[PDB]
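Descriptive analysis of the structure
Spelled out, the chains give:
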Amino acid sequence: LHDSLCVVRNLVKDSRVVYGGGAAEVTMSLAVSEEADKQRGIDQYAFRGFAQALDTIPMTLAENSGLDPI
Amino acid sequence: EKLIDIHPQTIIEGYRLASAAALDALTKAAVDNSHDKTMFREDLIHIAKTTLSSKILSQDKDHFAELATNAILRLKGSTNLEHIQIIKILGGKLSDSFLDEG
């Protein structure tokens, strides 16, 4: 409940709602990735790191169900 | 390991088939010849050198690369490396290590 409740005071503290199912996470893999190509330097691989990263939420989310993370 | 996040026993299939493609291309890029004893000696030294480098004895790299390519020459191809024995004595300095024909 302290979850269900707090979730609502999240809406009170800052009204807005994204989309779950790792969906919110997936966006970064795309968006952030583009802002790395046109970034050049060494911050292209570091930022590409946030592509390598957010992929976990959907991966474990889905793998925890038995579906192929790939 | 990272890839394992995804079945393993299949990953072996790739590394044995894909690194086989690599194994293949590496043969293509290879450079054969020559087979003239005139040219050989000049390659064998280059090999002995590249190998003898990075080893305490690199200092006089040539001195050794010569030692090697010689003993290898005697006994055509391909003979066991058991007749040419590497004996060693504690004698002042380095590079006093010659090859002996007896």
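Residues numbered from 1 in each chain as written, not as in the entry; some residues may be left out. Chains lettered and ligands numbered in written order. Part of a larger assembly, values for the part shown. Heavy atoms only, no water. Residues with missing side-chain atoms left out of burial classes, pairs and counts.

As stated in the entry header, the method of structure determination is X-ray crystallography and the reported resolution is 3.800 Å.

As annotated in the PDB entry, chain B carries the name T-complex protein 1 subunit beta and comes from Saccharomyces cerevisiae.

The PDB entry annotates chain A as T-complex protein 1 subunit epsilon originating from Saccharomyces cerevisiae.

Moving on, we come to unusual backbone geometry. Residue and element names in this part refer to chain B. In this chain, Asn 33 is followed by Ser 34 through a cis amide linkage whose omega measures -5°. You can see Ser 34 is positioned in the loop between α1 (8–28) and α2 (37–52). The residue after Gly 77, namely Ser 78, is reached through a cis peptide bond having omega 0°. Topologically, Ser 78 is positioned in the segment after α3 (61–73). You will see that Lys 93, though not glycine, has its phi angle at about 85°, which is positive. (Helix = DSSP H or I, 4+ residues; strand = E, 2+ residues; numbered from the N terminus.)

Attention now goes to the packing of helix α2 (residues 23–37) of chain A against helix α3 (residues 43–54) of chain A. All names here are of chain A. At a minimum axis separation of 8 Å, α2 and α3 run at an interaxial angle of 165°. Relative to α3, the element α2 lies roughly antiparallel. With respect to the hand of their crossing, α2 and α3 are arranged in left-handed fashion. Note on element contacts: α3 touches α2 through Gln 44, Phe 47, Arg 48, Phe 50, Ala 51 and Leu 54, opposite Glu 25, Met 28, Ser 29, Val 32, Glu 35 and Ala 36. Residue classes in the contact of α2 with α3 are distributed as seven nonpolar, two polar and three charged. (Axes fitted to C-alpha atoms, helices over the stretch in contact; angles between N-to-C directions. Parallel < 35°, antiparallel > 145°, perpendicular 65-115°, else oblique. Left-handed = near helix turned anticlockwise from the far one by under 90°. Contact = heavy atoms within 4.5 Å. Nonpolar A, V, L, I, M, F, W, Y, C, P; charged D, E, K, R; others polar.)

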